[PDB]
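This report refers to the structure that appears directly beneath it.
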Amino acid sequence: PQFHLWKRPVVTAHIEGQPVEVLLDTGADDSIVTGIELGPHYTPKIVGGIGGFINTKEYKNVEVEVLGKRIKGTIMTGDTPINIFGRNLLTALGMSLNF
Amino acid sequence: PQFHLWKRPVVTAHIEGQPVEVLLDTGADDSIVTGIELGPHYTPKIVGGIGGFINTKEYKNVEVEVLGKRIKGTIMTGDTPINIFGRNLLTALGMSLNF
Amino acid sequence: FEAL
Amino acid sequence: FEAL
């Protein structure tokens, strides 16, 4: 199936049971979510974006259910303005950018 | 053809003759480039990203040559850390995100 | 990601 | 877009 890019490519995912609407971003290397708690087993991280950078908590082998699949992967939490799934999860989902 | 997302989806584009390497970003609504000059007929703009926001100069109907096509479209210039083509140009290029 |  |  495919997303055509006239509207934002947003889907609902479940991160450890929690429903979250995420933007599928090919220019994000990482996926960073807010408003979910995944606990104390994290390594701290800083990721940069357009206007500067943010403090994140990187979690490993989190389970994500999205577009019919359950995959486990790396989620960060931090004060992102919008939740994004970057290429680490999109490669896990077999997504490609076609033309 | 397609980009698989294990490496960043980077291509070379020519913006009014100038060669620039750009990241194709499905989570950018706009395309913002640096290190090119497109002149004085612009409207100023502020776009937000992950860490905050930036001042940009929005140019209309600029000509872009990329992946075998010449299209004219809206380019912004500002202090972006990496040059991005967002969904305004990717829809013009018939790109979709497939899975 | 970027928007306004 | 984001990276480190």
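Letters A, B, ... mark the chains of the structure tokens in the order given; residue numbers begin at 1 per chain; ligand numbers begin at 1, in order shown.
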If we count only C-alpha atoms, which residues of chain A reach to within 9 Å of chain B? Please list them as a short mmCIF file (atom, residue, chain, number, x, y, z; two decimals) with N, CA and C atoms, in the first residue's frame.
```cif
data_model
loop_
_atom_site.label_atom_id
_atom_site.label_comp_id
_atom_site.auth_asym_id
_atom_site.auth_seq_id
_atom_site.Cartn_x
_atom_site.Cartn_y
_atom_site.Cartn_z
N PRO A 1 0.89 -1.15 0.00
CA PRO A 1 0.00 0.00 0.00
C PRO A 1 0.93 1.21 0.00
N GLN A 2 0.50 2.45 0.07
CA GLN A 2 1.40 3.58 0.04
C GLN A 2 0.66 4.78 0.57
N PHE A 3 1.50 5.75 0.90
CA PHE A 3 1.01 7.05 1.33
C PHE A 3 1.43 7.90 0.17
N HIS A 4 0.55 8.81 -0.24
CA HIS A 4 0.89 9.76 -1.28
C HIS A 4 1.23 10.98 -0.46
N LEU A 5 2.13 11.89 -0.81
CA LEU A 5 2.51 12.89 0.17
C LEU A 5 1.81 14.26 0.15
N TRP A 6 0.50 14.26 -0.16
CA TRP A 6 -0.30 15.48 -0.20
C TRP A 6 -0.74 15.81 1.21
N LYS A 7 -0.96 14.79 2.05
CA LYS A 7 -1.26 14.99 3.44
C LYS A 7 -0.04 14.43 4.18
N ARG A 8 0.18 14.78 5.44
CA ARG A 8 1.26 14.21 6.24
C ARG A 8 1.07 12.71 6.36
N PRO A 9 2.12 11.87 6.29
CA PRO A 9 1.99 10.44 6.51
C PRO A 9 1.92 10.12 8.02
N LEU A 23 4.33 10.53 12.94
CA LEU A 23 4.59 10.97 11.57
C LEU A 23 5.76 10.14 11.09
N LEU A 24 5.57 9.51 9.95
CA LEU A 24 6.62 8.69 9.36
C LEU A 24 7.56 9.64 8.64
N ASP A 25 8.78 9.80 9.13
CA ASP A 25 9.75 10.75 8.64
C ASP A 25 10.99 10.13 8.02
N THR A 26 11.20 10.21 6.71
CA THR A 26 12.40 9.64 6.10
C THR A 26 13.67 10.45 6.42
N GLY A 27 13.53 11.68 6.89
CA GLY A 27 14.71 12.42 7.22
C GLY A 27 15.02 12.30 8.70
N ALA A 28 14.37 11.46 9.50
CA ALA A 28 14.76 11.31 10.88
C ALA A 28 15.59 10.04 10.93
N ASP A 29 16.75 10.02 11.57
CA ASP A 29 17.45 8.75 11.70
C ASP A 29 16.82 7.94 12.83
N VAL A 47 19.52 14.84 20.45
CA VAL A 47 19.34 14.73 19.01
C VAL A 47 19.11 16.16 18.52
N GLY A 48 19.66 16.47 17.36
CA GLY A 48 19.46 17.76 16.75
C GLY A 48 18.40 17.66 15.69
N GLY A 49 17.75 18.79 15.46
CA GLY A 49 16.77 18.96 14.41
C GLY A 49 16.99 20.35 13.81
N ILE A 50 16.03 20.90 13.06
CA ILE A 50 16.09 22.23 12.46
C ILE A 50 16.46 23.29 13.46
N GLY A 51 15.67 23.56 14.50
CA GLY A 51 16.01 24.74 15.29
C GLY A 51 16.98 24.56 16.45
N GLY A 52 17.74 23.48 16.56
CA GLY A 52 18.49 23.24 17.78
C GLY A 52 18.30 21.80 18.21
N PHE A 53 18.46 21.48 19.48
CA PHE A 53 18.51 20.09 19.89
C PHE A 53 17.70 19.82 21.13
N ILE A 54 17.43 18.56 21.44
CA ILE A 54 16.69 18.18 22.63
C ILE A 54 17.32 17.02 23.40
N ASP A 79 10.98 16.08 24.42
CA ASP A 79 9.98 17.08 24.10
C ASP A 79 9.95 17.39 22.61
N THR A 80 9.42 16.45 21.85
CA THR A 80 9.30 16.70 20.44
C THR A 80 7.94 17.41 20.27
N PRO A 81 7.87 18.39 19.35
CA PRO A 81 6.63 19.01 18.90
C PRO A 81 5.63 18.10 18.20
N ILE A 82 6.10 17.01 17.56
CA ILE A 82 5.27 16.02 16.89
C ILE A 82 5.97 14.67 17.06
N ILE A 84 7.71 11.27 15.93
CA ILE A 84 8.16 10.80 14.64
C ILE A 84 8.73 9.37 14.69
N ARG A 87 14.05 6.49 10.22
CA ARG A 87 14.40 5.36 9.37
C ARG A 87 14.72 4.07 10.09
N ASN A 88 15.03 4.12 11.39
CA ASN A 88 15.25 2.88 12.15
C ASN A 88 14.00 2.05 12.22
N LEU A 90 11.19 2.72 10.09
CA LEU A 90 10.69 2.52 8.72
C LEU A 90 11.41 1.40 7.98
N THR A 91 12.72 1.17 8.19
CA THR A 91 13.42 0.04 7.54
C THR A 91 12.89 -1.29 8.09
N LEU A 93 9.91 -1.71 8.96
CA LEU A 93 8.60 -1.90 8.36
C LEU A 93 8.58 -2.12 6.85
N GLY A 94 9.75 -2.27 6.25
CA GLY A 94 9.87 -2.45 4.81
C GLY A 94 9.32 -1.28 4.00
N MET A 95 9.55 -0.08 4.45
CA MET A 95 9.05 1.04 3.69
C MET A 95 10.10 1.56 2.76
N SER A 96 9.78 1.96 1.55
CA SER A 96 10.78 2.58 0.71
C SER A 96 10.12 3.85 0.16
N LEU A 97 10.95 4.75 -0.36
CA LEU A 97 10.48 5.97 -0.98
C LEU A 97 10.64 5.72 -2.49
N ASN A 98 9.50 5.59 -3.15
CA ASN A 98 9.39 5.27 -4.56
C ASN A 98 8.93 6.46 -5.40
N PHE A 99 9.43 6.46 -6.63
CA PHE A 99 9.15 7.43 -7.67
C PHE A 99 9.26 6.70 -9.03
#
```
Any chance you could dump chain A, least-squares fitted to chain B on all C-alpha atoms in order, as a short mmCIF file (atom, residue, chain, number, x, y, z; two decimals) with C-alpha atoms, in the first residue's frame?
```
data_model
loop_
_atom_site.label_atom_id
_atom_site.label_comp_id
_atom_site.auth_asym_id
_atom_site.auth_seq_id
_atom_site.Cartn_x
_atom_site.Cartn_y
_atom_site.Cartn_z
CA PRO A 1 12.96 3.35 -8.83
CA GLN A 2 13.19 3.69 -5.01
CA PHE A 3 15.33 4.49 -2.09
CA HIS A 4 15.49 1.87 0.61
CA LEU A 5 15.89 3.63 3.97
CA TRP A 6 19.10 2.03 5.32
CA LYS A 7 21.11 5.04 4.17
CA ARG A 8 19.75 8.64 4.14
CA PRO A 9 17.79 9.42 0.93
CA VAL A 10 20.24 12.13 -0.37
CA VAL A 11 20.34 13.27 -4.07
CA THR A 12 21.99 16.19 -5.88
CA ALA A 13 19.58 18.85 -7.21
CA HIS A 14 20.33 22.01 -9.23
CA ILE A 15 18.49 25.06 -7.86
CA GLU A 16 18.84 27.76 -10.61
CA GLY A 17 21.97 26.13 -11.86
CA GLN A 18 23.53 25.76 -8.38
CA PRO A 19 24.30 22.04 -7.39
CA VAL A 20 23.19 21.20 -3.83
CA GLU A 21 22.90 17.83 -2.00
CA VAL A 22 19.43 17.51 -0.49
CA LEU A 23 17.72 15.04 1.93
CA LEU A 24 14.30 13.94 0.80
CA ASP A 25 12.20 14.35 3.96
CA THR A 26 8.57 13.11 4.18
CA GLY A 27 8.12 14.85 7.51
CA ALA A 28 9.05 18.31 6.17
CA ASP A 29 6.11 20.27 4.76
CA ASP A 30 8.53 22.74 3.15
CA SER A 31 11.94 22.55 1.51
CA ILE A 32 14.69 24.72 2.94
CA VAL A 33 18.16 25.00 1.53
CA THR A 34 21.27 26.89 2.56
CA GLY A 35 24.39 28.13 0.83
CA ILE A 36 22.61 29.26 -2.32
CA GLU A 37 21.47 32.79 -3.08
CA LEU A 38 18.15 33.29 -4.91
CA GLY A 39 17.83 37.07 -4.64
CA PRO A 40 15.62 39.77 -3.13
CA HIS A 41 12.15 38.78 -4.14
CA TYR A 42 11.25 36.87 -1.06
CA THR A 43 8.73 36.89 1.80
CA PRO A 44 10.37 36.21 5.25
CA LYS A 45 9.12 33.10 7.17
CA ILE A 46 9.76 31.12 10.38
CA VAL A 47 9.60 27.33 10.30
CA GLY A 48 9.82 25.10 13.34
CA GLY A 49 11.64 21.83 13.64
CA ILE A 50 12.74 19.56 16.58
CA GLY A 51 14.85 21.97 18.59
CA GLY A 52 13.13 25.31 17.92
CA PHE A 53 12.70 27.47 14.83
CA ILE A 54 14.54 29.42 12.13
CA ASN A 55 14.18 32.55 10.01
CA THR A 56 13.81 31.72 6.29
CA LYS A 57 13.39 33.58 3.00
CA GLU A 58 10.63 31.99 0.93
CA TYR A 59 11.05 32.12 -2.82
CA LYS A 60 8.31 31.10 -5.25
CA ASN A 61 8.54 29.41 -8.58
CA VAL A 62 12.23 28.67 -8.36
CA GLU A 63 13.55 26.08 -10.89
CA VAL A 64 14.77 22.87 -9.53
CA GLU A 65 16.32 20.08 -11.69
CA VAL A 66 16.50 16.71 -9.73
CA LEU A 67 16.08 12.98 -10.58
CA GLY A 68 15.68 13.60 -14.31
CA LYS A 69 13.01 16.43 -14.03
CA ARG A 70 12.88 20.17 -14.07
CA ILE A 71 9.99 21.43 -11.88
CA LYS A 72 9.46 24.97 -10.59
CA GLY A 73 8.49 25.27 -6.92
CA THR A 74 8.93 27.00 -3.58
CA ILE A 75 12.39 26.94 -1.93
CA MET A 76 13.26 28.61 1.38
CA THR A 77 16.74 29.54 2.45
CA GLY A 78 17.75 29.71 6.09
CA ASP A 79 20.32 28.25 8.43
CA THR A 80 19.35 24.65 8.17
CA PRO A 81 21.90 22.05 9.42
CA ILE A 82 21.13 19.87 6.34
CA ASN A 83 19.25 20.86 3.11
CA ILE A 84 15.83 19.26 2.84
CA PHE A 85 13.21 18.76 0.11
CA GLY A 86 9.85 18.37 1.93
CA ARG A 87 6.47 17.17 0.70
CA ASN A 88 5.87 20.22 -1.52
CA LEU A 89 8.61 19.11 -3.85
CA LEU A 90 8.26 15.33 -3.27
CA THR A 91 4.56 15.46 -4.40
CA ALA A 92 5.73 17.37 -7.48
CA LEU A 93 8.18 14.49 -8.10
CA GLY A 94 5.54 11.75 -7.79
CA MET A 95 7.15 10.17 -4.78
CA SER A 96 5.17 7.99 -2.43
CA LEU A 97 6.08 6.10 0.74
CA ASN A 98 5.37 2.42 0.01
CA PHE A 99 5.22 -0.67 2.20
#
```
Determine which residues of chain B receive a DSSP assignment of helix (DSSP H, G or I), computed from the backbone, and state them as a short mmCIF file (atom, residue, chain, number, x, y, z; two decimals) with N, CA and C atoms, in the first residue's frame.
```cif
data_model
loop_
_atom_site.label_atom_id
_atom_site.label_comp_id
_atom_site.auth_asym_id
_atom_site.auth_seq_id
_atom_site.Cartn_x
_atom_site.Cartn_y
_atom_site.Cartn_z
N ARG B 87 7.53 17.74 1.52
CA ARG B 87 6.47 17.17 0.70
C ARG B 87 5.99 18.05 -0.43
N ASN B 88 6.24 19.36 -0.39
CA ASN B 88 5.87 20.22 -1.52
C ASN B 88 6.62 19.86 -2.77
N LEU B 89 7.92 19.57 -2.68
CA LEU B 89 8.61 19.11 -3.85
C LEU B 89 8.45 17.62 -4.04
N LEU B 90 8.43 16.77 -3.02
CA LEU B 90 8.26 15.33 -3.27
C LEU B 90 6.94 15.00 -3.95
N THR B 91 5.83 15.71 -3.69
CA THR B 91 4.56 15.46 -4.40
C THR B 91 4.70 15.85 -5.88
N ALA B 92 5.40 16.96 -6.13
CA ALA B 92 5.73 17.37 -7.48
C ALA B 92 6.56 16.31 -8.18
#
```
